[PDB]
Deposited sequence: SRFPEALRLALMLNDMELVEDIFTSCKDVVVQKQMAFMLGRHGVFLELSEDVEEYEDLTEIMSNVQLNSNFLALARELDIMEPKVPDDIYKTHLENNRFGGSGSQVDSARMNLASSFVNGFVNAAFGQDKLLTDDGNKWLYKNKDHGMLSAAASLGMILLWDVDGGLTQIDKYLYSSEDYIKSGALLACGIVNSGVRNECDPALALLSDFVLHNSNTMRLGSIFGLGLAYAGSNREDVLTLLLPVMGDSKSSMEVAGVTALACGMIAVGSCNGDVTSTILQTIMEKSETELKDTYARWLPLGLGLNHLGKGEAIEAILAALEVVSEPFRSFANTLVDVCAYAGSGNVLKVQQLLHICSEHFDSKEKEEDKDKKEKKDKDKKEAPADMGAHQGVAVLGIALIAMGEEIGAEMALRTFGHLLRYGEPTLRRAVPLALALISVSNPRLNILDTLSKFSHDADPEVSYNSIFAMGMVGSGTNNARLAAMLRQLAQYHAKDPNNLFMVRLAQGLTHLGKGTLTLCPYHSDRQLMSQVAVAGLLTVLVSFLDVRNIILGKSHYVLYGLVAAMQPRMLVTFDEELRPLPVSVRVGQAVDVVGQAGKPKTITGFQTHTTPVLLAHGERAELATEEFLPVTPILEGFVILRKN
């Protein structure tokens, strides 16, 4: 009798019929509470009949309602509640940089010195889209605080300035990510603007709804959104954003209506319009819809046969490598060894097992040194994907070397990749490198912008957050984290026009992957119960709550308590002798 083991295996299989059949027929309540914590961490919400023994509490756990309070409690143990302004870490371009830095560092602590009681003083120092992303950063600071988040955002939903209102809509979506609040306040607030006359409003509302509902393929939210790709007033940017939102909401579900609607939107577009790089967001949403489903993808590869030849290579490659993202398939990697999405797909497939990942690391170094001049632009982003929140020294040395490339896009992507690799770690080596590289790229606005983003990303959450997609002994992959990471890195395969252009708000897709990296233990009543742990790697002695790093294993120091789950990661319930 070890239902948390069976449940972990079922989650590995992604076979929700068996997950639901194992969660039921467990008679022990506290075991179900532990399994509910596991499901909440994995982003699976299962509907229960109100006549199950403890429906109220199992539902309350599964929806991460208490996540914010435990996170702030650990923030009180560390004495880190004080806000940091961006200059502590150290034109429109630099105010935009400061806004993103401020949001990244103060993420999940609802405090700030820029977005004060009155945020207009900061918002109106920005212009156009930078003001949209500034307004969106407020919702990133208030992450997982739905009630307080909306209470703070609400004043800006009535702004006369459309960019500020669009950013407030996106923020309102962001604060609802991961917290599955049983009120659907985001759907009520955002759903009137998905067909608004202003396209900027449509972008804010649709990206917000996509982030708020990324976990589950809600039929109502999908029925609301799917019409917007066919609207004659929708820009290609709006069609792309709609495909991203629908694929995030429907991630891994094989939803047929998303598939058919996207294929129709491809088949309608001119061979002249499919050159627009927002069109790359159309098949990304398609791949997200079939992420990890493997050999089933052939049925759709045949339907793409009619599409124009230049676009066809990209769509086919991206959708195919999405279908195999977790496989760690030796033969697809041989096939991949258009080119950018190929190398990104190599990383996306290889990250599932370590030997393939080391061979990928060798390949990526070879490509950065001697590869095709066009092909190497994507090579550092693949290094990000395979090693997010994992500050290896060899990877950082390689990226630091190529952060001076005379090709501007190799430089941009290497700096962003350093920020991704070091994200959520206060790594002093990386911080010093970034400071020196900031002194080198002074008088270079785009490289300096990438430097500020990487600096902010290193201090994400003041060191308390991670972006790694894996959890629970590095054996379960969060699909919503993968969807957010892929959204960002595929948008970085055209950094000069998407990220350095108008659409840098897509950086907020990283919020889908943000998770806490703290171990916390409870008694059987969910009351903070301090115990002592021996955190090694597989060592010092620590008292829970303890922050774990990327590859560390905690084991209870004494035999007084016994854990209900064999893995001491995240939230663990502890029984008595």
What ranges of the deposited sequence are left out of this structure? 91-107, 355-389, 591-605
